[PDB]
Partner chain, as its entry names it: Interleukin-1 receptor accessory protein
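Coming up is one lone chain in structure tokens, specifically the form solved without the partner chain.
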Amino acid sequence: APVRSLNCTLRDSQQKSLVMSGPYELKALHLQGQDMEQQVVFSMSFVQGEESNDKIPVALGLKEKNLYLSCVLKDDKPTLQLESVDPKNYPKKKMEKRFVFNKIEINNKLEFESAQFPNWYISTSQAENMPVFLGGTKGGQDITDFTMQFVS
């Protein structure tokens, strides 16, 4: 059948919101009130991949945009990028591996591990207004835990 998708927002465990701030750029900052309209709405697709009770393979598209979070090597490192696709062909159930995250539920928080690069996670910095990135440890100063708000 089709691929199933839900609209949602993400906030890091510091309670920073995510916003589209430049061509292919997502930023984490503290947001409340009117400015909350600026936050990015995701279409989270439930995709093909290895699955267990608390580990669910997803793709993260931007709502009604042909843009997906993806994990690729750049200048020889696992990095997070926003990648454009053919809007006729996406989303699909069999997303290419660079688009797949393992959504992991631990202690009432979510982590998003790269399917392509084991133990690399969607991360934010403690500082305001810095890029969302792929970080090679769910330990230390960078933030790898999120919560998920469901959107109409």
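Numbering follows the first chain given and starts at 1. So that the term is clear: the rigid core is the largest set of C-alpha atoms that superpose within 1.5 Å between two forms.
What comes next is about the form deposited with the partner chain bound, which does not appear here.
Residue displacement note: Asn89 has its CA displaced by under 2 Å between this form and the one not shown (rigid core superposed). Comparing the forms between this form and the one not shown on their rigid core, the Cα displacement of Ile106 reaches 2 Å or more. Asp35: CA moves less than 2 Å between this form and the one not shown after rigid-core fitting. Relative to this form, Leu10 and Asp54 separate from one another in the entry with it bound, with their C-alpha atoms ending up at least 3 Å farther apart.
In the entry with it bound, the Cα atoms of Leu6 and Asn107 sit 3 Å or more nearer to each other than they do here.
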